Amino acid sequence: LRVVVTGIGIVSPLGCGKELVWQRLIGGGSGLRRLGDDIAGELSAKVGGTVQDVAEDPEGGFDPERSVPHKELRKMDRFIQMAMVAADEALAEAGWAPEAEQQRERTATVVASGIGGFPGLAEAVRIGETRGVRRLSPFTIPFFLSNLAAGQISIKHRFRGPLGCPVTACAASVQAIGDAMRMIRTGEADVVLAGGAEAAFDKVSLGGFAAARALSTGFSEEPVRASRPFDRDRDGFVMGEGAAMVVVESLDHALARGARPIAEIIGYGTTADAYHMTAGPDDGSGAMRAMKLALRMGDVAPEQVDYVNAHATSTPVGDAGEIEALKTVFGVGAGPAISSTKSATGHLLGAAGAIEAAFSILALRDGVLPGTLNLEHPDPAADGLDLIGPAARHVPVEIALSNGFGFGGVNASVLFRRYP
């Protein structure tokens, strides 16, 4: 059964609204900024991809009151608020707003997060250390539970089909899209609102990644330079926040209702390294297998892939592993054009898969491949791979692959074809 995407929503460090975000991305913009001392004061990691408010970004700022009434915001952590805005955008684009119970019952909501409501949870613990646990809000638990992103979206829109919340670290929202497609094919839903949401900035979460030496520290005075996937001087990832959503349905379902497919989902693959808890193997074998499964599903040879949106987070070991995986799948000398948009957005963690899927889809729609900012001295291990430098590449393309990996050895890859 053929499956398509009919709507996209984005809340990100480059703004809210996918057209504006796309225009900013291709123009070389960056969402990386110095973090507040309340988050980063104790740490050497001083830079993050932050979502700005309307006062800071009048055109593209985040105002969750447009999707959630003021008095309801108290009931949901930031990631959920972001999820609600991104979902509204994707649904409006897809024109999916079912009033009838039949259609509502056939709409699923599958929204990933990596860490979920960390700020809410941290605040509850801090209350426990101060005012006392007898003073916790009645909303404490659903405020931070990961599945209340999907939950609040479903309540608002009356989506009464399956609910999902994959929490598979930084691959989670790639899996959300694969899980959406799988449900369309098994007949368990007719439309899926799928994606990811993450808003985990807090001294403790940042501190936890810091303690693992996973975060960039050497570019604090030049924040836009800090995220440099594939570059010789990369020194760890830059945490980001945001949310991105896609509306997924069968091609036949889309065309019957007059919805324009934006792109087709033709492949999905997911695997486990079973290697180490926080690093993948140097040979990239788990990631390699995930990519090959998505290509097999799409019946696409490696030489037919035009564009790869790599997971590459700007870690030394992580980017090297993905380089090796890509060489195994595609060879050297020819192959796909490859970039990492984490160079501009930072690492949206459990929302990274969905935002990069969205960029992969827009790349196909527009024949514009995002560049990799800061790619000044490519890792020599990547010689023979067509890594896109800072300039976006304007070229008609048909097939795009997007990767997402996470702690716990999770690899996921999703493959798209241009429509028509």
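For every residue, the number given is its place in the sequence shown, counted from 1.
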Quiz prompt | Stretch exceeding the other in mean C-alpha B-factor - 187-195, 221-229 | solution = 221-229
Exercise. Return whichever of 357-365 and 32-40 has the greater mean Cα B factor according to the PDB record.
Key: 32-40
Exercise. Return the residue from 48, 380, 27, 371 that has the highest Cα B-factor in the entry.
Key: 380
Practice problem: Using the temperature factors in the entry, find which of 208, 240, 95, 119 has the highest value at its Cα atom. | Solution: 119
Quiz prompt | B-factor third for the C-alpha atom of residue 77 within its chain | solution = middle
Exercise. Going by the recorded CA B-factors, say which third of the chain residue 250 sits in, lowest, middle or highest.
Key: middle
Quiz item: Within this chain, which third does the Cα B-factor at residue 300 fall in: lowest, middle or highest?
Solution: highest
Quiz item: Mind checking which third residue 397 falls in for C-alpha B-factor across the chain?
Solution: highest
Practice problem: Please place residue 84 in the lowest, middle or highest third of its chain by C-alpha B factor as given in the entry. | Solution: lowest
